[PDB]
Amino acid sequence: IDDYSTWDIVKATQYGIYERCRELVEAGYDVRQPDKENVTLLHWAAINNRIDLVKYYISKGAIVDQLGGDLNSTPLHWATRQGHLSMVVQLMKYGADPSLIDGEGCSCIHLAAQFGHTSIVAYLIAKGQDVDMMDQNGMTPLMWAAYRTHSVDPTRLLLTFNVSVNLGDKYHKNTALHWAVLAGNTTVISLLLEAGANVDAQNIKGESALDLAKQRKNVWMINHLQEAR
């Protein structure tokens, strides 16, 4: 019978073994001290939805938005990637800043968009994040959805707000429709056309979304875009 009395504080945090973590802290483990991966205990707690451990570590003075890991992200970033709405809610209540950007240039709304976490996208919008917030790459949440979520949501949710459907990202000037064609995201293509996506608007290389469709020799895509003019 493993009783956790042998586990290190990182493994015990991951698994939410609350009393194990608390004994290691009072015995001298600094809640602010990172591990060999430059990850803090708050990060591990957040990405495993350990609500109570999060309260406890913060009460011991853990830094809420401390960057860590190879991707150089806050604990809130981690919870957002993983999809823990309750943890996103909890961390934002302690002052975590959802607009901070990680090492990939993304803030929280983009992380939630690109991993398909529809309820967190809704929540960030309900807390004041702009639906068309541009990340460091010039990507909107709708672009990230078109590119990465091959699914009705979160695209359908995003289109219920006053998005500027024909924006293009900063470096490629690809609209969300461009991204969906690029990615073969057939579910999203119909939603964007139905929401007014311009099939002729050209990116920075002067290719329209129809051009990209024709390029990929995808008969279904070419027909569907052509019939939306």
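Note that residue numbering begins at 1 and tracks the sequence as displayed.
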Between the two ranges 164-172 and 46-54, the one averaging a larger CA B factor in the entry: 164-172
Mean Cα B-factor comparison, 64-72 or 194-202, giving the higher one as deposited: 194-202
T80, C-alpha B-factor rank within chain (lowest, middle or highest third): lowest
For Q33, the third of its chain into which the C-alpha B factor falls: highest
B-factor third for the C-alpha atom of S151 within its chain: middle
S208 by Cα B-factor - lowest, middle or highest third of the modelled chain: highest
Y15 - Cα temperature factor, lowest/middle/highest third of chain: lowest
